[PDB]
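Student: need coordinates for the following:
(8 chains, ligands or ions: 2)
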Amino acid sequence: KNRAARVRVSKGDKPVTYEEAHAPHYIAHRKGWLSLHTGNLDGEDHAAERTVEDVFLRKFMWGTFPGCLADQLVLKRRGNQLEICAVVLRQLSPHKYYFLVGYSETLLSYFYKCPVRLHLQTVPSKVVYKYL
Amino acid sequence: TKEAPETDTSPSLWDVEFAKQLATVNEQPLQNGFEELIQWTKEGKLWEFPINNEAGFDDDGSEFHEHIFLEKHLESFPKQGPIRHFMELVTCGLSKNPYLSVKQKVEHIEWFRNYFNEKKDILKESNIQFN
Amino acid sequence: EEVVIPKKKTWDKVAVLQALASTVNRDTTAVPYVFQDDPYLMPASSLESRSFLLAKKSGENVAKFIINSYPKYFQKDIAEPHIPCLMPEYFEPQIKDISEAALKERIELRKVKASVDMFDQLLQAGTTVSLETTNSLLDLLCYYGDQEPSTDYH
Amino acid sequence: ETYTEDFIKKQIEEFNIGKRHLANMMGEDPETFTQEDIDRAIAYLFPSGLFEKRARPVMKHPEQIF
Amino acid sequence: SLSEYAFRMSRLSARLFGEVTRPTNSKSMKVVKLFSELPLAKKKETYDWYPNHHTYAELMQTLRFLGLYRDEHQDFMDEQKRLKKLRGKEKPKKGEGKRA
Amino acid sequence: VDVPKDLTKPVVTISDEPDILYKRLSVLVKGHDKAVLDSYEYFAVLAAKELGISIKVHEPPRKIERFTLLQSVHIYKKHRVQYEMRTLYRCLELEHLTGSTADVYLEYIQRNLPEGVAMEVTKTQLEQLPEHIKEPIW
Amino acid sequence: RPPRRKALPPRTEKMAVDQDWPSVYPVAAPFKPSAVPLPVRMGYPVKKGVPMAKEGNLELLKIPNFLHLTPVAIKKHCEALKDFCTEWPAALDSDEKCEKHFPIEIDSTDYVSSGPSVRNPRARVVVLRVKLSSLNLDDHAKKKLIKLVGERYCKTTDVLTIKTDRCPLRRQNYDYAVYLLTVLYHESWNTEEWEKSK
Amino acid sequence: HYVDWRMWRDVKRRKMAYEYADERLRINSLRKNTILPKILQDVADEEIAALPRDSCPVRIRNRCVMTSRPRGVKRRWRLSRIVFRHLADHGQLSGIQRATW
Ligand SMILES: [Mg+2]
Ligand SMILES: [Mg+2]
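Tutor: Numbers count the residues shown, from 1 in each chain, chains lettered A, B, ... in the order given. Ligands and ions are numbered 1, 2, ... in the order given. Shown next is the protein structure:
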């Protein structure tokens, strides 16, 4: 039996998001990609570097906004701009989100030598697609 | 008004600081997303458009004939024989290398010039006369 | 036959963005662009308008404090063209010799105490300190009043 | 999830207001703005290459959706 | 297998186009190839193959000590190490191992 | 009511140097999503018409690169997972535009290049014969 | 316990149906449900279910939307960009007329990718195309020039293609391509004594 | 802080191979022709053989940059088959999907 990225059935009590509910074969069919860049197009370079950066940014944001991320990150690259789009919860005070946005945008811009912007969308609770 | 300015006037702390008080009177938060791009472009953070893949990279102002014509650098080598034939292949290959600066190409040539000087005795045995 | 080629037009690197910006006006349903465009994160009062930006600036200051305290983590430059404004800043003098050319470094960094100490030692040793440099030392002391300019943290 | 008749009634008010917004975005007459124009405008503004069309962005009358 | 005219016309084109002018065998033409490209070790894919694992580990370790990054993995390891002391399974002092 | 009264216009300086002439600009965009290229095509074509540039569009054949990987961490060689990367193309072919018009149009459409879309713009410049080549010295 | 923070109503509820939308999305920005006044839904629906609403919808966040490039905005944008453009010469009506006045064609390529480095080694390449009919070549010179260039010349089209990519920069490869055209032209007109042995 | 000691040895091999690349290239050029005397080429053989063993580029191994797996690595992403699939199957590799045809 296939295991990769498959939230297995339970007793009908496990809330899953739209992303978590779709196995890999639905990628490009029912769900899109969580990062968009040009490195994986034919004749394009630096796919290795873009991939390492994405893995870091996902770990960095997970530990920088602990308990706040309500879904996977969406990473967008245009030119030398890096856009991080995250769906977060409404538990942390707004002051802490502004501190962490200013802090994260600055630190990541100096780390990867590019203008980095963070776009936060808040939801009252994790959006549930279905109960597996 | 003053007809000839003091172009080489020194920037005293009093003058550098006063110029910072004149940049604070027009200091306002960004109004929209276009102004953020304009600010990043002035600061150098954002790429300039249209895209130029050579932006910020001039190879020391070198001309094409400095990369492709390297025989002026073999004047210290013998004019005939195997050492000339060998160095014509080195310079031929260096003249086809777009990944090296003129400085680096000269370094390759200078390395062989010194290498063959240390091997003068060995070369004399083979009837080759390097300087 | 002859053809007349048009004359070239030149503009600054931001002129196209400035032309596009002229086509848009302020969005009246929105709060200023500096704030996060989210109903939970948008300022709901003049007090939060001021405090939300101060919290964001505080985060930027904490990042810069870290960047300048641990520069070795932020020294790998993968940007082309180079971005001078995204590199760490070094506020310490790198010339440890006692001489005039080492004093001028501490004056550019605006080290009031170090520059005075370096000036006294240099004077006791009997070496000549130029006039232009002596004035450049007064401009620093006379501006800050023999006090150290503010820093991020000591 | 059961959709009470009141919910559908307010979903239709949102679609009619959004229909005029979408027409204003594209610079077209809101009165003659059809469902084919909506689908065309949504495909342009929200381009999705997902192979399954049912997974693509949609802005339809609630009768059709729910 | 070339006429004198063709042989000298090819030698003239080589001069103009910056090719090798002397008669050179295939073995000696490797010298031209060697200096016409970067060595494998000098290619960025080679010497920058790995990301700087020191930088990443040291940066995030520093950010955790500053309270700005929560390392769930490290917190997990710290709790396992804490409970092993209470269980008596502590790391020995170097030189004071069970064998002495 | 709160509208600007006068607007500062970016300074465009007409030079004394003649402008570059481009016979053709071939803008080849590459992406993983056909719908994103359709929207970019619409934007780029509409931008060309408003600026008075002659533009033709066509779709070069797509390229699909496939490769195979083992499915299990250990053994089970006959069980594989196959992956692919789809590169779709759109080609905007612009003709008879000056160098100043090419700088504005390319900057406008390059800045608005969607995430995940690359561009290869091939520019064909018109030049006159060098003066040395006009007559033989011999 | 102090009162918890209430999220404000989405500012789409304050938007008029006759507003200037380009002011809402002036530049490329991620999809914001609170700012986009459209009841758009995305997501494969569950059985007897509807596509998920826009709030908290990651699939709509994944899309490179064109809300900043509405037809109204594009037309306003280009009206401001007309002042930056120059006029193509009217005399150059056809390709044949351009070839007459401008016999040399210079091809270069620029590569736009996403990332921190704008560098691309393919950008240095220069291609120069000329037709031998455009050059002042006599019978001897044209015959000698074709032999020198070899496969660079195409008899069907009568076009000489010189591709230069051995220099680091494009400006160097352009100057080198012109240099090659100059030495090829002048050597074709020179006559050596060994040529009599043809 | 590299994945393991084996990744650390390859890091050092890549650093030393980079430092000696120019020197090795120049000496090799003397050995890779039939133009120079054998007496000179025999000396160049000894010189390149005396250079540090870890300056030799054939000893560099393309290991997975996240797990140090020495085989099953895809050069384009520098990841092992297992790590690549983990990211690809979660939709985190731009443009990569499962292939059916
Ligand atoms: Mg199976
Ligand atoms: Mg091997």
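
Student: need the residues of chain G near chain B, please.
Tutor: G:26-29, G:110-112, G:118-121, G:123-124, G:165-170, G:172-173, G:175-176, G:179 (C-beta under 8 Å from any C-beta of the partner chain). C-beta coordinates here come from the backbone N, C-alpha and C atoms, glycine included.

Student: what do you get if the cut-off is 6 Å, keeping everything else the same?
Tutor: G:26-27, G:110-112, G:118-120, G:123, G:166-169, G:172, G:175-176 (C-beta under 6 Å from any C-beta of the partner chain).

Student: what about those residues, which are in helices?
Tutor: G:172, G:175-176 (DSSP state H).

Student: save these as CSV, and put in distance to residue F:110 and neighbour count too.
Tutor: Listed next are those as CSV, based on distance: C-beta to C-beta, whole Å; neighbours: other C-beta atoms under 10 Å in any protein chain shown:
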residue, distance to residue F:110, neighbour count
G:172, 25, 24
G:175, 27, 17
G:176, 28, 23
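
Student: just give me the residue closest to the centre of chain F.
Tutor: With distances taken as C-alpha atoms, centre = their mean, chain F has residue F:27 as the residue nearest its mean C-alpha position (3.2 Å).

Student: could you look up the SS state of that residue?
Tutor: Here residue F:27 is recorded as strand under DSSP: H, G, I helix; E, B strand; the rest coil.

Student: surely it and residue F:122 touch.
Tutor: No. The criterion here is C-beta atoms under 6 Å, and residue F:27 misses it with residue F:122 at 8.2 Å.

Student: thinking again about what came up before, so what's the nearest residue in space to the residue nearest to the centre of chain F that is not next to it in sequence bridging to?
Tutor: Nearest residue to residue F:27, sequence neighbours excluded (C-beta to C-beta, 6 or more residues apart in numbering or on different chains): residue F:92, at 4.1 Å. Residue F:92 forms beta bridges with residue F:27, residue F:57, as assigned by DSSP bridges.

Student: look up how far chain B lies from residue F:92.
Tutor: Distance, residue F:92 to chain B, by C-beta to the nearest C-beta, to the nearest Å: 14 Å.

Student: then residue A:46?
Tutor: In terms of C-beta to the nearest C-beta, residue A:46 sits 13 Å off from chain B.

Student: number of residues surrounding that residue?
Tutor: Neighbour count for residue A:46, taken as other C-beta atoms under 10 Å in any protein chain shown: 21.

Student: quick one: contacts for it?
Tutor: Going by C-beta atoms under 6 Å, 6 or more residues apart in numbering or on different chains, residue A:46 touches A:39, G:115.

Student: give me the residues contacting stretch F:35-47.
Tutor: D:44, D:47-49, F:31, F:55, F:57, F:88, F:90, F:92, F:109, F:114, G:64, G:66, G:69, G:74, G:78.

Student: of those, buried ones?
Tutor: Buried subset of those (neighbour count, 16 or more other C-beta atoms under 10 Å in any protein chain shown): D:44, D:47-49, F:31, F:55, F:88, F:90, F:92, F:109, F:114, G:64, G:66, G:69, G:74, G:78.

Student: let me know the closest of these to residue B:119.
Tutor: residue F:31 (58.0 Å; C-beta to C-beta).

Student: wait, doesn't that closest one sit right on residue F:115?
Tutor: No. At 9.7 Å, residue F:31 does not count as touching residue F:115 under the criterion of C-beta under 6 Å.

Student: quick one, phi psi at the residue positioned nearest the centre of chain A?
Tutor: Taking C-alpha atoms, centre = their mean, the centroid of chain A lies closest to residue A:73, which sits 0.9 Å from it. Residue A:73 adopts backbone torsions of phi -70, psi 150, taken as degrees, to the nearest 10.

Student: could I get the full set of helices for the chain?
Tutor: No chain specified, so I'll use chain A. Under DSSP H, chain A gives helices at A:47-64, A:94-112.

Student: other chain: chain G
Tutor: Under DSSP H, chain G gives helices at G:58-61, G:71-81, G:95-101, G:139-149, G:170-189.

Student: C-alpha coordinates for the longest one, CSV please?
Tutor: Provided in CSV are the C-alpha atoms of helix G:170-189 (Å, rounded to 0.1, in the frame of the first residue of the first chain):
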residue,chain,number,x,y,z
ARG,G,170,28.0,40.7,-24.8
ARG,G,171,29.6,44.0,-25.8
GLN,G,172,32.9,42.2,-26.3
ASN,G,173,31.3,39.5,-28.4
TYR,G,174,29.6,42.2,-30.5
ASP,G,175,32.8,44.0,-31.1
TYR,G,176,34.5,40.7,-31.9
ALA,G,177,31.7,39.8,-34.4
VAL,G,178,32.3,43.2,-36.1
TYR,G,179,36.0,42.6,-36.1
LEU,G,180,35.6,39.2,-37.7
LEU,G,181,33.4,40.7,-40.4
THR,G,182,36.1,43.4,-41.1
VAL,G,183,39.1,41.0,-41.4
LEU,G,184,37.1,38.6,-43.4
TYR,G,185,36.0,41.3,-45.8
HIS,G,186,39.5,42.7,-46.3
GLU,G,187,41.2,39.3,-46.6
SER,G,188,38.7,38.3,-49.2
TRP,G,189,39.9,41.3,-51.3
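
Student: need the residues of chain A near chain H, please.
Tutor: A:4-5, A:24-25, A:27-28, A:33-37, A:40, A:47-48, A:51.

Student: and the gap between residue A:123 and residue G:46?
Tutor: 19 Å (C-beta to C-beta, to the nearest Å).

Student: how about residue G:82?
Tutor: From residue G:82 to residue G:46 the distance is 51 Å (C-beta to C-beta).
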